[PDB]
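Next comes entry_28.txt, with compact mmCIF, C-alpha atoms and all ligand atoms.
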```txt
# COMPACT_ATOMS: atom_id res chain seq x y z
CA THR A 3 -10.46 -109.46 30.97
CA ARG A 4 -13.83 -110.31 32.58
CA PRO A 5 -13.65 -112.33 35.81
CA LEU A 6 -16.47 -114.76 34.91
CA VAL A 7 -18.52 -116.12 32.05
CA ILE A 8 -21.32 -118.61 32.55
CA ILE A 9 -22.31 -120.59 29.46
CA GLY A 10 -25.86 -121.77 29.92
CA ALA A 11 -29.10 -120.07 30.91
CA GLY A 12 -30.99 -123.04 32.29
CA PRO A 13 -31.36 -123.90 36.00
CA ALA A 14 -27.67 -124.70 36.47
CA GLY A 15 -26.21 -121.59 34.88
CA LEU A 16 -28.90 -119.34 36.45
CA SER A 17 -28.62 -120.76 39.92
CA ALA A 18 -24.85 -120.11 39.60
CA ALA A 19 -25.38 -116.62 38.20
CA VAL A 20 -27.64 -115.69 41.15
CA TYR A 21 -24.87 -116.66 43.60
CA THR A 22 -21.93 -115.10 41.80
CA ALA A 23 -23.76 -111.85 41.14
CA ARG A 24 -24.82 -111.61 44.78
CA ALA A 25 -21.20 -112.02 45.84
CA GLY A 26 -20.45 -108.90 43.79
CA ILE A 27 -18.78 -110.58 40.82
CA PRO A 28 -19.65 -109.07 37.44
CA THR A 29 -21.48 -111.97 35.82
CA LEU A 30 -22.03 -112.49 32.11
CA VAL A 31 -24.29 -115.40 31.14
CA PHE A 32 -24.59 -116.72 27.57
CA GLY A 33 -27.50 -118.97 26.65
CA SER A 34 -30.91 -119.24 25.01
CA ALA A 35 -34.17 -120.74 26.22
CA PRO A 36 -33.51 -124.25 27.48
CA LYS A 37 -35.67 -127.15 26.20
CA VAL A 38 -37.53 -127.27 29.50
CA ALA A 39 -38.69 -123.67 29.02
CA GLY A 40 -42.02 -124.38 27.32
CA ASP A 41 -45.47 -125.64 28.16
CA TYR A 42 -44.53 -128.53 30.40
CA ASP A 43 -45.74 -128.98 33.97
CA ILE A 44 -43.06 -128.93 36.61
CA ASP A 45 -44.30 -130.66 39.76
CA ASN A 46 -41.24 -132.04 41.55
CA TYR A 47 -39.13 -128.93 42.11
CA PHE A 48 -38.99 -128.10 45.83
CA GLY A 49 -40.93 -125.05 46.95
CA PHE A 50 -43.63 -125.13 44.28
CA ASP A 51 -46.68 -126.83 45.74
CA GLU A 52 -48.68 -125.67 42.74
CA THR A 53 -47.85 -126.66 39.16
CA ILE A 54 -45.59 -124.22 37.31
CA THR A 55 -44.61 -124.37 33.62
CA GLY A 56 -40.99 -124.78 32.65
CA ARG A 57 -41.23 -121.54 30.71
CA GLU A 58 -42.41 -119.61 33.76
CA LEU A 59 -39.99 -121.28 36.23
CA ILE A 60 -37.02 -120.44 34.00
CA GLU A 61 -38.30 -116.90 33.45
CA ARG A 62 -38.37 -116.35 37.25
CA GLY A 63 -34.81 -117.69 37.38
CA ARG A 64 -33.78 -115.13 34.76
CA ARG A 65 -35.42 -112.20 36.61
CA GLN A 66 -33.81 -113.48 39.79
CA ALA A 67 -30.32 -113.44 38.25
CA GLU A 68 -30.85 -109.97 36.73
CA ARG A 69 -32.15 -108.68 40.12
CA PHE A 70 -28.60 -109.05 41.48
CA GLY A 71 -26.88 -107.69 38.38
CA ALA A 72 -26.19 -110.75 36.11
CA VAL A 73 -26.19 -109.72 32.47
CA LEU A 74 -27.93 -112.33 30.23
CA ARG A 75 -27.02 -112.57 26.52
CA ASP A 76 -28.65 -114.73 23.83
CA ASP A 77 -25.35 -115.14 21.92
CA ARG A 78 -24.40 -118.69 21.02
CA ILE A 79 -20.84 -119.75 21.88
CA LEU A 80 -18.88 -121.27 18.96
CA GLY A 81 -15.67 -122.20 20.77
CA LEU A 82 -13.73 -122.07 24.03
CA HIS A 83 -9.93 -122.03 24.06
CA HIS A 84 -7.14 -121.34 26.55
CA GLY A 85 -6.21 -117.71 26.01
CA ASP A 86 -2.74 -116.70 24.96
CA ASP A 87 -1.83 -116.55 27.61
CA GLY A 88 -4.00 -117.02 30.72
CA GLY A 89 -7.76 -117.18 31.12
CA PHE A 90 -10.02 -118.21 28.28
CA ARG A 91 -10.81 -117.02 24.79
CA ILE A 92 -14.53 -117.12 24.02
CA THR A 93 -15.64 -117.26 20.40
CA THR A 94 -19.17 -116.04 19.74
CA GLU A 95 -21.07 -115.38 16.52
CA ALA A 96 -20.50 -111.67 17.12
CA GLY A 97 -16.80 -111.88 17.76
CA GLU A 98 -14.38 -112.73 20.51
CA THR A 99 -14.18 -112.12 24.19
CA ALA A 100 -12.27 -113.28 27.19
CA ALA A 101 -12.75 -114.52 30.70
CA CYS A 102 -10.75 -115.52 33.69
CA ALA A 103 -13.10 -118.26 34.85
CA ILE A 104 -15.78 -120.32 33.09
CA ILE A 105 -18.79 -122.12 34.37
CA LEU A 106 -19.98 -124.74 31.87
CA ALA A 107 -23.72 -125.28 32.24
CA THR A 108 -24.73 -126.18 28.68
CA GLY A 109 -26.95 -129.20 29.34
CA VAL A 110 -27.04 -132.41 27.31
CA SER A 111 -29.22 -131.44 24.35
CA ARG A 112 -27.51 -132.66 21.16
CA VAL A 113 -28.37 -132.83 17.46
CA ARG A 114 -27.16 -136.29 16.31
CA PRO A 115 -25.35 -137.03 13.01
CA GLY A 116 -27.57 -139.91 11.80
CA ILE A 117 -24.89 -142.00 10.06
CA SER A 118 -25.38 -145.73 10.54
CA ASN A 119 -21.71 -146.79 10.90
CA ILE A 120 -20.07 -143.62 12.16
CA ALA A 121 -18.56 -145.49 15.14
CA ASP A 122 -16.53 -147.75 12.81
CA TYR A 123 -14.61 -144.68 11.65
CA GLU A 124 -13.89 -142.88 14.96
CA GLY A 125 -10.15 -142.20 15.00
CA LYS A 126 -10.08 -143.30 11.33
CA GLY A 127 -11.63 -140.35 9.47
CA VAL A 128 -14.41 -139.09 11.76
CA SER A 129 -13.13 -136.29 14.03
CA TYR A 130 -14.61 -133.62 16.34
CA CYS A 131 -11.94 -131.20 17.44
CA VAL A 132 -10.42 -129.09 14.72
CA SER A 133 -7.43 -127.69 16.64
CA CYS A 134 -6.86 -131.26 17.81
CA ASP A 135 -7.01 -133.22 14.55
CA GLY A 136 -6.92 -130.59 11.79
CA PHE A 137 -3.23 -131.00 11.10
CA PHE A 138 -3.59 -134.71 10.32
CA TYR A 139 -5.90 -133.88 7.39
CA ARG A 140 -3.84 -131.00 6.01
CA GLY A 141 -4.18 -130.61 2.24
CA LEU A 142 -6.90 -133.28 2.21
CA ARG A 143 -10.59 -133.33 1.27
CA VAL A 144 -12.65 -132.73 4.38
CA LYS A 145 -16.42 -132.66 4.88
CA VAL A 146 -18.03 -130.82 7.82
CA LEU A 147 -21.30 -132.38 8.98
CA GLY A 148 -23.79 -129.84 10.33
CA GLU A 149 -26.45 -127.29 9.55
CA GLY A 150 -25.68 -124.26 11.74
CA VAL A 151 -23.28 -121.44 12.46
CA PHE A 152 -21.21 -123.89 14.50
CA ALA A 153 -20.69 -126.01 11.36
CA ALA A 154 -19.90 -122.89 9.39
CA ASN A 155 -17.27 -121.75 11.91
CA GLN A 156 -15.69 -125.23 12.11
CA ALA A 157 -15.37 -125.20 8.33
CA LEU A 158 -13.69 -121.83 8.35
CA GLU A 159 -11.22 -123.02 11.04
CA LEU A 160 -10.44 -126.06 8.91
CA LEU A 161 -9.15 -123.70 6.22
CA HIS A 162 -6.06 -123.31 8.40
CA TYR A 163 -5.22 -126.89 7.33
CA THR A 164 -6.82 -127.48 3.94
CA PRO A 165 -8.49 -125.37 1.23
CA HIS A 166 -10.68 -128.37 0.44
CA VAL A 167 -13.62 -127.95 2.80
CA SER A 168 -17.34 -128.29 2.27
CA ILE A 169 -20.41 -128.58 4.47
CA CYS A 170 -23.22 -131.17 4.37
CA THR A 171 -26.29 -130.24 6.44
CA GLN A 172 -27.37 -133.89 6.60
CA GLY A 173 -30.81 -133.30 5.10
CA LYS A 174 -31.55 -130.40 7.44
CA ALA A 175 -32.35 -126.79 6.67
CA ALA A 176 -29.24 -124.62 7.10
CA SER A 177 -29.42 -122.06 9.92
CA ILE A 178 -26.17 -120.35 8.95
CA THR A 179 -26.56 -116.56 9.23
CA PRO A 180 -25.99 -114.36 6.17
CA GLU A 181 -22.75 -113.00 7.69
CA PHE A 182 -21.32 -116.49 7.98
CA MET A 183 -22.65 -117.40 4.51
CA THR A 184 -20.69 -114.48 3.10
CA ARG A 185 -17.54 -115.73 4.80
CA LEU A 186 -18.14 -119.27 3.44
CA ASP A 187 -18.74 -118.01 -0.10
CA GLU A 188 -15.56 -115.90 0.00
CA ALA A 189 -13.62 -118.97 1.08
CA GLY A 190 -15.08 -121.24 -1.59
CA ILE A 191 -16.73 -123.47 1.00
CA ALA A 192 -19.88 -125.05 -0.45
CA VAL A 193 -22.99 -126.00 1.53
CA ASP A 194 -25.61 -128.55 0.56
CA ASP A 195 -28.32 -130.58 2.21
CA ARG A 196 -27.46 -134.03 0.92
CA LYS A 197 -27.92 -136.83 3.46
CA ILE A 198 -25.02 -139.19 4.23
CA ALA A 199 -26.27 -142.73 4.91
CA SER A 200 -22.97 -144.48 5.63
CA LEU A 201 -19.18 -144.20 5.37
CA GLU A 202 -16.74 -146.32 3.33
CA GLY A 203 -13.01 -147.03 3.05
CA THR A 204 -10.89 -149.94 4.20
CA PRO A 205 -8.10 -148.93 6.44
CA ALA A 206 -9.59 -145.43 6.87
CA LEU A 207 -12.42 -143.21 5.58
CA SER A 208 -12.31 -142.44 1.89
CA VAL A 209 -15.88 -142.36 0.65
CA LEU A 210 -19.19 -140.85 1.83
CA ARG A 211 -22.24 -142.87 0.75
CA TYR A 212 -25.33 -140.67 0.31
CA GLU A 213 -28.80 -142.09 0.87
CA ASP A 214 -29.04 -141.68 -2.92
CA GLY A 215 -26.39 -144.32 -3.45
CA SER A 216 -24.31 -141.48 -4.89
CA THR A 217 -20.85 -140.93 -3.42
CA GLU A 218 -18.26 -138.25 -2.66
CA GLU A 219 -14.60 -138.65 -1.75
CA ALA A 220 -13.48 -137.38 1.64
CA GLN A 221 -10.73 -138.45 4.00
CA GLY A 222 -11.97 -136.31 6.87
CA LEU A 223 -15.43 -135.90 8.33
CA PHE A 224 -15.78 -133.36 11.15
CA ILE A 225 -18.98 -133.64 13.11
CA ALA A 226 -20.49 -130.24 14.04
CA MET A 227 -24.31 -130.68 14.24
CA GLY A 228 -26.62 -128.18 15.97
CA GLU A 229 -24.91 -125.98 18.60
CA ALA A 230 -21.44 -126.33 20.06
CA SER A 231 -21.87 -128.59 23.07
CA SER A 232 -20.17 -129.36 26.33
CA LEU A 233 -18.18 -132.12 24.64
CA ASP A 234 -16.95 -129.77 21.89
CA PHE A 235 -15.67 -127.33 24.51
CA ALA A 236 -14.14 -130.20 26.46
CA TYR A 237 -12.04 -131.21 23.46
CA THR A 238 -10.51 -127.76 22.99
CA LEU A 239 -9.98 -127.02 26.71
CA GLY A 240 -8.78 -130.54 27.54
CA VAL A 241 -11.51 -131.11 30.11
CA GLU A 242 -11.65 -134.77 31.16
CA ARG A 243 -14.81 -136.66 30.31
CA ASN A 244 -16.85 -139.25 32.14
CA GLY A 245 -18.50 -141.14 29.29
CA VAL A 246 -20.52 -138.56 27.36
CA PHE A 247 -20.48 -136.19 30.41
CA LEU A 248 -17.96 -133.70 31.83
CA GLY A 249 -16.02 -134.96 34.84
CA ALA A 250 -16.58 -132.85 37.97
CA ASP A 251 -15.64 -133.31 41.62
CA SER A 252 -18.15 -132.70 44.44
CA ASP A 253 -17.40 -128.96 44.16
CA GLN A 254 -17.99 -128.93 40.37
CA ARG A 255 -14.30 -128.45 39.50
CA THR A 256 -12.94 -129.97 36.30
CA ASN A 257 -9.26 -130.94 35.87
CA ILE A 258 -8.72 -127.57 34.22
CA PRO A 259 -8.19 -124.69 36.65
CA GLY A 260 -10.76 -121.95 36.26
CA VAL A 261 -13.23 -124.30 34.50
CA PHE A 262 -16.26 -125.57 36.45
CA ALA A 263 -19.12 -127.77 35.26
CA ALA A 264 -22.71 -128.00 36.50
CA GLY A 265 -26.12 -129.45 35.66
CA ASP A 266 -27.07 -132.05 33.00
CA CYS A 267 -23.66 -131.84 31.30
CA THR A 268 -22.00 -133.57 34.34
CA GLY A 269 -24.66 -136.28 34.01
CA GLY A 270 -26.15 -137.98 37.00
CA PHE A 271 -29.81 -137.47 37.91
CA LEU A 272 -30.92 -135.13 35.14
CA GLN A 273 -33.38 -132.93 37.07
CA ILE A 274 -33.92 -129.25 37.92
CA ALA A 275 -33.36 -129.85 41.67
CA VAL A 276 -30.03 -131.46 40.91
CA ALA A 277 -28.94 -128.75 38.44
CA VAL A 278 -29.81 -125.98 40.91
CA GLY A 279 -27.60 -127.50 43.63
CA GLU A 280 -24.69 -128.06 41.19
CA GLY A 281 -25.01 -124.48 40.01
CA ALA A 282 -24.80 -123.26 43.60
CA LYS A 283 -21.72 -125.40 44.38
CA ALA A 284 -20.06 -124.29 41.13
CA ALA A 285 -20.63 -120.67 42.09
CA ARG A 286 -18.99 -121.17 45.49
CA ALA A 287 -15.98 -122.75 43.84
CA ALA A 288 -15.79 -120.06 41.16
CA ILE A 289 -16.11 -117.21 43.70
CA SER A 290 -13.14 -118.45 45.73
CA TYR A 291 -11.19 -119.22 42.55
CA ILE A 292 -11.82 -115.68 41.28
CA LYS A 293 -10.82 -114.08 44.60
CA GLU A 294 -7.43 -115.84 44.46
CA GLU A 295 -6.86 -115.57 40.69
CA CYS A 296 -8.92 -112.82 38.97
CA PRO A 297 -8.73 -109.17 40.16
CA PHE A 298 -11.56 -108.02 37.74
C1 LIG A 301 -39.67 -130.89 28.39
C2 LIG A 301 -38.86 -131.12 29.53
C3 LIG A 301 -39.50 -131.45 30.72
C4 LIG A 301 -38.75 -131.68 31.86
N1 LIG A 301 -39.41 -131.97 33.00
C5 LIG A 301 -38.74 -131.92 34.16
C6 LIG A 301 -39.42 -131.96 35.36
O1 LIG A 301 -40.65 -132.05 35.45
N2 LIG A 301 -38.69 -131.89 36.54
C7 LIG A 301 -37.31 -131.75 36.55
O2 LIG A 301 -36.73 -131.67 37.62
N3 LIG A 301 -36.63 -131.73 35.34
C8 LIG A 301 -37.34 -131.82 34.13
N4 LIG A 301 -36.65 -131.79 32.96
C9 LIG A 301 -35.16 -131.89 32.96
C10 LIG A 301 -34.54 -130.56 33.39
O3 LIG A 301 -35.06 -129.53 32.58
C11 LIG A 301 -33.02 -130.52 33.26
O4 LIG A 301 -32.51 -131.48 34.18
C12 LIG A 301 -32.48 -129.14 33.65
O5 LIG A 301 -32.99 -128.09 32.82
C13 LIG A 301 -30.94 -129.15 33.53
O6 LIG A 301 -30.50 -127.79 33.54
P1 LIG A 301 -29.10 -127.28 32.91
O7 LIG A 301 -28.93 -125.83 33.18
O8 LIG A 301 -28.08 -128.29 33.26
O9 LIG A 301 -29.29 -127.46 31.30
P2 LIG A 301 -30.43 -126.98 30.33
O10 LIG A 301 -31.72 -126.78 31.03
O11 LIG A 301 -30.40 -127.91 29.14
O12 LIG A 301 -29.94 -125.60 29.81
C14 LIG A 301 -28.72 -125.53 29.06
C15 LIG A 301 -28.38 -124.09 28.73
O13 LIG A 301 -27.15 -124.16 27.94
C16 LIG A 301 -27.28 -123.22 26.89
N5 LIG A 301 -26.29 -123.56 25.81
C17 LIG A 301 -26.01 -124.77 25.30
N6 LIG A 301 -25.08 -124.65 24.34
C18 LIG A 301 -24.78 -123.35 24.24
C19 LIG A 301 -23.94 -122.67 23.45
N7 LIG A 301 -23.19 -123.35 22.55
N8 LIG A 301 -23.84 -121.33 23.54
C20 LIG A 301 -24.61 -120.63 24.46
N9 LIG A 301 -25.47 -121.35 25.27
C21 LIG A 301 -25.55 -122.68 25.15
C22 LIG A 301 -28.72 -123.55 26.45
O14 LIG A 301 -29.19 -122.54 25.55
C23 LIG A 301 -29.43 -123.42 27.80
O15 LIG A 301 -29.54 -122.06 28.15
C24 LIG A 301 -37.35 -131.59 31.83
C25 LIG A 301 -36.69 -131.28 30.63
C26 LIG A 301 -37.46 -131.05 29.47
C27 LIG A 301 -36.81 -130.73 28.27
CL CL A 302 -42.62 -128.20 41.25
CL CL A 303 -1.24 -116.11 34.56
CL CL A 304 -13.19 -149.73 9.53
NA NA A 305 -25.29 -133.28 36.74
```
How does the structure come out when it is put into structure tokens?
Ligand SMILES: Cc1cc2nc3c(=O)[nH]c(=O)nc-3n(C[C@H](O)[C@H](O)[C@H](O)COP(=O)(O)OP(=O)(O)OC[C@H]3O[C@@H](n4cnc5c(N)ncnc54)[C@H](O)[C@@H]3O)c2cc1C
Ligand SMILES: [Cl-]
Ligand SMILES: [Cl-]
Ligand SMILES: [Cl-]
Ligand code: NA
Amino acid sequence: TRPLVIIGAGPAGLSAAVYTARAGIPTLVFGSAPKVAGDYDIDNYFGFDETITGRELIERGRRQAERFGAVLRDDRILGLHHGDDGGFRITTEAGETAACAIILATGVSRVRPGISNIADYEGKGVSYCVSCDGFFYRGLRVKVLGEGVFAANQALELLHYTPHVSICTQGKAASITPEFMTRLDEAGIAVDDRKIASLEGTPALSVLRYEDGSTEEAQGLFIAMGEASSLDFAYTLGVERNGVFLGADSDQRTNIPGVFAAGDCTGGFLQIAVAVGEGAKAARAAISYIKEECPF
């Protein structure tokens, strides 16, 4: 089992990776280019008296982490679960892997579902965590909302509870890879790009209303838009939330041992300067955690 995985390759995850790798801990970082990493002027990050682009600042962060031995991977994470037993099981598009300690640095970027009355059906049909709520919809007709590999994997997990699963990409282009498409086809899980306008049903969800005015029956709607997010991981790990953010103490510890959180996903002042300090503090906490708990 690896001692440490960092999920996130923005300022928080990279600042943390620099510190952990310098302390001699084999460091594996998962993440892709953050949203800030484009042609945007950064002018308020300490130490840069001349304008630097987000793309270039992040690129220097990456070279900095690699300089001290951090390995950076572009793999998207699909799920995080407590391992059986001990440490954490990390689901990626490529397969599985495992880690003794996790630093969550996945930011707050989120594809939104775009359903006018979705809030009316929270707890009554609309769910998020499959391991959490899947059993309640066993044998039932369940729709997964989302366009990506995350949606595809959530749909496949749902098969543990019901054979009656399909995916709606909510008007978006699907970005499901051919390997996942194969798996969906083999399982009889259909994918279409219809757009759900609203939900219907009187004690609970029973009908999806498409922007057409056409309808489909479903008693379960699992939201899985875009990429798996900090909230999605929180649901499966049992990490306590603070509104839409992860709860973290001043040392970036969550309520789950071995799980730390840093950057935008702990939501205060959503800035590079802030993320870089949280990443550093998370690293310090992880390093001492690993020394007591994870031999390597
Ligand atoms: C255009 C733009 C301009 C900005 N301008 C400024 C500015 O001038 N000054 C300033 O201080 N701040 C600015 N910000 C805000 C600043 O970028 C953020 O506060 C900062 O990047 C937070 O860093 P982070 O590491 O917490 O998250 P992010 O930068 O969002 O990075 C999150 C990381 O998580 C990874 N990730 C997420 N989900 C997964 C997954 N499922 N699997 C694998 N990896 C995943 C992402 O790929 C990314 O690598 C700007 C942001 C944007 C977008
Ligand atoms: Cl700056
Ligand atoms: Cl143990
Ligand atoms: Cl209702
Ligand atoms: Na924060």
- Spatial neighbours of region 234-248 of chain A, max dist 6 Å, all atoms listed in the file, sep filter under 6 positions, as an MDAnalysis selection string: chainID A and resid 82:83 267:269
Nearby polymer residues, ligand CL 303 (chain A), at most 12 Å, all atoms listed in the file, as a PDB file with C-alpha atoms, in the frame of the given file:
```pdb
ATOM      1  CA  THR A   3     -10.460-109.460  30.970  1.00  0.00           C
ATOM      2  CA  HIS A  84      -7.140-121.340  26.550  1.00  0.00           C
ATOM      3  CA  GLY A  85      -6.210-117.710  26.010  1.00  0.00           C
ATOM      4  CA  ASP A  86      -2.740-116.700  24.960  1.00  0.00           C
ATOM      5  CA  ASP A  87      -1.830-116.550  27.610  1.00  0.00           C
ATOM      6  CA  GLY A  88      -4.000-117.020  30.720  1.00  0.00           C
ATOM      7  CA  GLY A  89      -7.760-117.180  31.120  1.00  0.00           C
ATOM      8  CA  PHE A  90     -10.020-118.210  28.280  1.00  0.00           C
ATOM      9  CA  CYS A 102     -10.750-115.520  33.690  1.00  0.00           C
ATOM     10  CA  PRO A 259      -8.190-124.690  36.650  1.00  0.00           C
ATOM     11  CA  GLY A 260     -10.760-121.950  36.260  1.00  0.00           C
ATOM     12  CA  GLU A 294      -7.430-115.840  44.460  1.00  0.00           C
ATOM     13  CA  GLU A 295      -6.860-115.570  40.690  1.00  0.00           C
ATOM     14  CA  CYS A 296      -8.920-112.820  38.970  1.00  0.00           C
ATOM     15  CA  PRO A 297      -8.730-109.170  40.160  1.00  0.00           C
TER      16      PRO A 297
END
```
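Proximity ranking of A:197, A:64, A:293, A:283 relative to residue 118 (chain A) places A:197 first, based on all atoms listed in the file.
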- Item | Top pick for closest residue to residue 37 (chain A), considering A:177, A:172, A:232, A:55 and counting only C-alpha atoms |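 Using only C-alpha atoms, residue 37 (chain A) sits closest to A:55.
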- 12 Å contact set for residue 154 (chain A), all atoms listed in the file, chain neighbours under 2 positions out, as a PyMOL selection string: chain A and resi 80+95+145-152+156-161+167-171+176-187+189+191-194+224-230
- Surroundings of ligand NA 305 (chain A) up to 9 Å, based on only C-alpha atoms and all ligand atoms, as a list in words: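 The residues near ligand NA 305 (chain A) are residues 14, 109, 247, 248, 250, 263, 264, 265, 266, 267, 268, 269, 270, 271, 272, 273, 276, 277 and 280 of chain A.
Candidate residues A:165, A:15, A:190, A:205 were compared for distance to residue 278 (chain A), and the nearest is A:15, using only C-alpha atoms.
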Quick one: which chain A residues come within 10 Å of ligand CL 302 (chain A), and what is the nearest atom pair for each with the distance in Å to one decimal, counting all atoms listed in the file, rows ordered by chain and ascending number, as a tab-separated table?
```
residue	atom	partner	partner_atom	distance
A:43	CA	A:CL302	CL	8.0
A:44	CA	A:CL302	CL	4.7
A:45	CA	A:CL302	CL	3.3
A:46	CA	A:CL302	CL	4.1
A:47	CA	A:CL302	CL	3.7
A:48	CA	A:CL302	CL	5.8
A:49	CA	A:CL302	CL	6.7
A:50	CA	A:CL302	CL	4.4
A:51	CA	A:CL302	CL	6.2
A:52	CA	A:CL302	CL	6.7
A:53	CA	A:CL302	CL	5.8
A:54	CA	A:CL302	CL	6.3
A:55	CA	A:CL302	CL	8.8
A:56	CA	A:CL302	CL	9.4
A:59	CA	A:CL302	CL	8.9
A:274	CA	A:CL302	CL	9.4
A:275	CA	A:CL302	CL	9.4
```
Might I get the box with edges along x, y and z of the file that holds all atoms of ligand LIG 301 (chain A) listed there, padded by 3 Å on every side, given as centre and edge lengths in Å to one decimal, as JSON?
```
{"center_x": -31.9, "center_y": -126.3, "center_z": 30.1, "size_x": 23.5, "size_y": 17.4, "size_z": 21.1}
```
- Give the answer as one residue: which of A:123, A:70, A:42, A:32 has the shortest atom-to-atom distance to ligand CL 304 (chain A), using all atoms listed in the file?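 For ligand CL 304 (chain A), the nearest of the given residues is A:123.
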Per-residue nearest contacts of chain A to ligand CL 304 (chain A) (10 Å; all atoms listed in the file) as CSV:
```
residue,atom,partner,partner_atom,distance
A:119,CA,A:CL304,CL,9.1
A:120,CA,A:CL304,CL,9.6
A:121,CA,A:CL304,CL,8.8
A:122,CA,A:CL304,CL,5.1
A:123,CA,A:CL304,CL,5.7
A:124,CA,A:CL304,CL,8.8
A:125,CA,A:CL304,CL,9.8
A:126,CA,A:CL304,CL,7.4
A:127,CA,A:CL304,CL,9.5
A:201,CA,A:CL304,CL,9.2
A:202,CA,A:CL304,CL,7.9
A:203,CA,A:CL304,CL,7.0
A:204,CA,A:CL304,CL,5.8
A:205,CA,A:CL304,CL,6.0
A:206,CA,A:CL304,CL,6.2
A:207,CA,A:CL304,CL,7.7
```
Can I get the selected residues back with C-alpha atoms, as a tab-separated table (two decimals), keeping the file's coordinate frame?
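See result-v4.tsv below for the written result:
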```tsv
chain	number	residue	atom	x	y	z
A	119	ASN	CA	-21.71	-146.79	10.90
A	120	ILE	CA	-20.07	-143.62	12.16
A	121	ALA	CA	-18.56	-145.49	15.14
A	122	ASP	CA	-16.53	-147.75	12.81
A	123	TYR	CA	-14.61	-144.68	11.65
A	124	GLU	CA	-13.89	-142.88	14.96
A	125	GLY	CA	-10.15	-142.20	15.00
A	126	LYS	CA	-10.08	-143.30	11.33
A	127	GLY	CA	-11.63	-140.35	9.47
A	201	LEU	CA	-19.18	-144.20	5.37
A	202	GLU	CA	-16.74	-146.32	3.33
A	203	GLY	CA	-13.01	-147.03	3.05
A	204	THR	CA	-10.89	-149.94	4.20
A	205	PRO	CA	-8.10	-148.93	6.44
A	206	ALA	CA	-9.59	-145.43	6.87
A	207	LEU	CA	-12.42	-143.21	5.58
```
- Distance CA of residue 231 (chain A)-atom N6 of ligand LIG 301 (chain A), one decimal place? 5.2 Å
- Return the single residue from A:71, A:81, A:63, A:141 that is closest to ligand LIG 301 (chain A), with distances computed using all atoms listed in the file.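 Among A:71, A:81, A:63, A:141, it is A:81 that comes nearest to ligand LIG 301 (chain A).
Distance-wise, CA of residue 111 (chain A) and atom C4 of ligand LIG 301 (chain A) end up 12.1 Å apart.
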- Message: I'd like the interatomic distance between atom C18 of ligand LIG 301 (chain A) and CA of residue 108 (chain A), to a tenth of an Å.
- Response: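 Atom-to-atom, atom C18 of ligand LIG 301 (chain A) and CA of residue 108 (chain A) are spaced 5.3 Å apart.
Across A:76, A:213, A:68, A:61, the tightest approach to ligand LIG 301 (chain A) is made by A:76 when counting all atoms listed in the file.
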- Task: Just the residues within 9 Å of residue 35 (chain A), please, counting all atoms listed in the file, with nothing from its chain fewer than 6 positions along; format it as a count of residues only.
- Result: 5
- Mind listing as a PyMOL selection string all residues within 8 Å of (-22.7, -122.3, 39.3), counting all atoms listed in the file? chain A and resi 8+14-19+21-22+105+107+262-264+280-286+288
How would the residues just picked look written out with C-alpha atoms as a PDB file, keeping the file's coordinate frame?
```pdb
ATOM      1  CA  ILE A   8     -21.320-118.610  32.550  1.00  0.00           C
ATOM      2  CA  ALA A  14     -27.670-124.700  36.470  1.00  0.00           C
ATOM      3  CA  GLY A  15     -26.210-121.590  34.880  1.00  0.00           C
ATOM      4  CA  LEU A  16     -28.900-119.340  36.450  1.00  0.00           C
ATOM      5  CA  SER A  17     -28.620-120.760  39.920  1.00  0.00           C
ATOM      6  CA  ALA A  18     -24.850-120.110  39.600  1.00  0.00           C
ATOM      7  CA  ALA A  19     -25.380-116.620  38.200  1.00  0.00           C
ATOM      8  CA  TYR A  21     -24.870-116.660  43.600  1.00  0.00           C
ATOM      9  CA  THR A  22     -21.930-115.100  41.800  1.00  0.00           C
ATOM     10  CA  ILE A 105     -18.790-122.120  34.370  1.00  0.00           C
ATOM     11  CA  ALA A 107     -23.720-125.280  32.240  1.00  0.00           C
ATOM     12  CA  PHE A 262     -16.260-125.570  36.450  1.00  0.00           C
ATOM     13  CA  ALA A 263     -19.120-127.770  35.260  1.00  0.00           C
ATOM     14  CA  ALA A 264     -22.710-128.000  36.500  1.00  0.00           C
ATOM     15  CA  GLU A 280     -24.690-128.060  41.190  1.00  0.00           C
ATOM     16  CA  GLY A 281     -25.010-124.480  40.010  1.00  0.00           C
ATOM     17  CA  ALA A 282     -24.800-123.260  43.600  1.00  0.00           C
ATOM     18  CA  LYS A 283     -21.720-125.400  44.380  1.00  0.00           C
ATOM     19  CA  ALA A 284     -20.060-124.290  41.130  1.00  0.00           C
ATOM     20  CA  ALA A 285     -20.630-120.670  42.090  1.00  0.00           C
ATOM     21  CA  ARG A 286     -18.990-121.170  45.490  1.00  0.00           C
ATOM     22  CA  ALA A 288     -15.790-120.060  41.160  1.00  0.00           C
TER      23      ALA A 288
END
```
